[PDB]
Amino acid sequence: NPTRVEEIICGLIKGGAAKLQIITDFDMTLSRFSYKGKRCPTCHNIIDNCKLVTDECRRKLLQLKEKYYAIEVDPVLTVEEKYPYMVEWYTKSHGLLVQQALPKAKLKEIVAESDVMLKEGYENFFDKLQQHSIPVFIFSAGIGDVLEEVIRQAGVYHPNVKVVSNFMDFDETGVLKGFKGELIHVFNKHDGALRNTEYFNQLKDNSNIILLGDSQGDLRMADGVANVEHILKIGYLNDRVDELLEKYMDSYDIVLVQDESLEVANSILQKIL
């Protein structure tokens, strides 16, 4: 509904900066799906495709990423069933990264030399929010260390930006030994939201929320919010469009089909801040 949408936004404008927080995922939501007719990497793709991984390992990774993607997007498997294979996927991929023994100290370059790209209008996005100290919660199934390097180098890792994702654990050689915490993956963001109660309880007054996502999973990122009064959900539908469009229309407040900018969120922010 166009009217239900403006009712929500008017709630937002009314509350201003004092009541606003942002929740958002990273991959394909702050970062582009494609650019100049070529696909852009996900955090995981950044690592797969870099010079610190052998030809043979990347072949094993693609062999994986083909088998397990096929299962993720299976129309007949219920998500109940997909869950273990998603778990299985990440475990093997990370296992293959681990053996490669990647240096903590070499991330800076790797990100620098990838084709990673942020949606149009990100400076304006991140700079407006910092200027009004609007809490930003970035919740990602990707790789925290790379995510973080993408936004630091883009010059937008502001003090209001809390990043929560799958973070790497290293040994005393500054060389990868695995991953901290319980795994975040596409199907369990709810479980992850509730685990971040400390964060949200400090924002008891920030009761106006804009959620940004690009998957059906992303819809659950708000489940740990203390006070909800008004909430707007923006969905970036980049792929599997004809399959999922009626679904997105039915759950996100705004669907943006293959929209590689942040202009819609910026214009809403324009009206609020």
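All residue numbers refer to positions in the sequence shown, first residue = 1.
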Open item on the list: When the Cα temperature factors in the entry are averaged, is it 55 to 63 or 203 to 211 that ends up higher?
Closed with: 55 to 63
Task: Segment of higher mean CA temperature factor, 99 to 107 or 131 to 139 - done: 99 to 107
Open item on the list: Considering every modelled residue of the chain and its Cα B-factor in the PDB entry, is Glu113 in the lowest, middle or highest third?
Closed with: middle
- [ ] Going by the recorded CA B-factors, say which third of the chain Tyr122 sits in, lowest, middle or highest.
- [x] lowest
Open item on the list: Please place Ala70 in the lowest, middle or highest third of its chain according to the CA B-factor in the PDB entry.
Closed with: highest
